[PDB]
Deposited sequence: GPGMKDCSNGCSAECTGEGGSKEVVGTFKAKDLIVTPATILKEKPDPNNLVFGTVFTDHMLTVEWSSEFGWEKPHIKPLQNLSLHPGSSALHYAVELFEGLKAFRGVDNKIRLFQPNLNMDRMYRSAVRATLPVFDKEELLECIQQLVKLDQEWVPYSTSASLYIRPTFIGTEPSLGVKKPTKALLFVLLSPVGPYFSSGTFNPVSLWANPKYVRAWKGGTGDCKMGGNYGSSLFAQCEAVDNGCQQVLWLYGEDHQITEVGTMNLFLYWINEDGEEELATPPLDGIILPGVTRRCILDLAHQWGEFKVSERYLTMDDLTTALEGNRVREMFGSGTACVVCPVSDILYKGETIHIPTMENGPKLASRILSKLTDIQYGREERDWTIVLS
């Protein structure tokens, strides 16, 4: 057991540089930077030294287990160029904590979280001119970790690769509210499954549901669970509901961490904000379609929104379910809370206000 170490970094700088794109025209996940990070591991010898080097294709044995049995996991986080022109990461240690836990769930080897973070910082620092010059764009950071065992046995891999990609991305907006496809025939995650980790195999199974959703005029899938049709998540975002609850109290509600919900960083931040403001009840609790339709009949719903790293906050206007369109009155209610959370988090990400949630580049 052990870890690679950032002090052993080997840097092979590119000698031909790609042109930076316009920050207003960026499509998500499609343009990549000049460099990547790579680190090899074998059970025989452990972790090899980390490399930063020019972006390149991966050379993989076709029997690699990432390709047959989904022995894989990823993370997502961002670097933000401040109004003061300092580049900041936001809650990055939470992503490392999650990554490590995911590795263990997947049977990939463990590593030292602080050491990975430092390696990420030096990567971003080398490609730092790729962090956009714009207050509603950013650099998305994709750490990825795959089994490369050359063998078709289903088992723990004895070889693996950890790598990191960088991709400048732009605003999810200029506030666009979404319609949701709620079809109970599909289930993202089950008790005793891996839905509370960022493991590749949770996502394969959902491209078909996203396609069905667009064919019916919807932008995202609302994931339902169990016999009472609990509402769990929105696409790949956590779900919040701002309403007057069944006892007539103003409440922010979100599903609890009971194994079928991914514990988002955004989710966490929001809950901490809500707790600290102390202005309404905050509840991690079960929410069903009927709870929801009953609330709508009695004018109790203020706002519904997704949260996650790509969107930050994503207002919901409509849910399609049992052959009908159910309107959600989010945009008619400001959306006051959603806009508050958005301006608070973006103020922090871009250094418009001080916070312990940000780290300035190393």
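Novice: Going by C-alpha coordinates, which parts of the deposited sequence are missing from this model?
Specialist: Going by the record, the segments left unmodelled (no C-alpha atoms) fall at 1-24, 199-201.
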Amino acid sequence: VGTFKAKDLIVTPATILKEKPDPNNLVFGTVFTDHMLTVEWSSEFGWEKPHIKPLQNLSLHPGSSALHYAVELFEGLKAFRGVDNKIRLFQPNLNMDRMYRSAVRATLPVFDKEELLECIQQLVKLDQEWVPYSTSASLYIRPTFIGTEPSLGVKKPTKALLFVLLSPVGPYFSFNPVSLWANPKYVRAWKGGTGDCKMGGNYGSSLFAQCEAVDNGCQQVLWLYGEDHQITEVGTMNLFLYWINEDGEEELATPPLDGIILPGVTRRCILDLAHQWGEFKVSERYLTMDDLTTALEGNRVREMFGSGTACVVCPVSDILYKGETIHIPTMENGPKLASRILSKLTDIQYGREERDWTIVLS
From here on, numbers count along this sequence of modelled residues.
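Rigid core (definition): largest C-alpha set, two forms, superposition within 1.5 Å.
Novice: Of the stretches 114-122 and 165-173, which sits farther from where it is here in 6 other deposited structures of this protein, on average over its Cα atoms, after fitting the core?
Specialist: The answer is 165-173, which departs more from the shown form in 6 other deposited structures of this protein.
Novice: Which wins on mean Cα temperature factor, 81-89 or 255-263?
Specialist: The stretch with the larger average C-alpha B-factor is 81-89.
Novice: For the higher mean C-alpha B factor in the entry, choose 111-119 or 141-149.
Specialist: Going by the record's values, the stretch with the higher mean is 111-119.
Novice: Reading the B-factor column of the entry, which of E249, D228, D196, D291 has the highest value at its C-alpha atom?
Specialist: Of the options given, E249 has the highest CA B-factor in the PDB entry.
Novice: According to the Cα B-factor stored in this entry, which of the following is highest: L296, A66, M36, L58?
Specialist: Answer for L296, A66, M36, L58: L296, with the highest C-alpha B-factor.
Novice: Mind checking which third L73 falls in for C-alpha B-factor across the chain?
Specialist: Its C-alpha B-factor, which the entry lists for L73, ranks in the lowest third among residues of this chain.
Novice: Hey, what third does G323 fall into on Cα B-factor, ranked over its chain?
Specialist: Ranked within chain, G323 CA B lands in the highest tercile.
Novice: Is the Cα B-factor recorded for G170 in the lowest, middle or highest third of its chain?
Specialist: CA B-factor rank for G170: highest third.
Novice: Splitting the chain's C-alpha B-factors into thirds, which one does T330 fall into?
Specialist: According to the entry, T330 has a C-alpha B-factor in the chain's lowest third.
Novice: How does the C-alpha B factor of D127 compare with the rest of the chain: lowest, middle or highest third?
Specialist: Highest third of the chain for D127's C-alpha B-factor.
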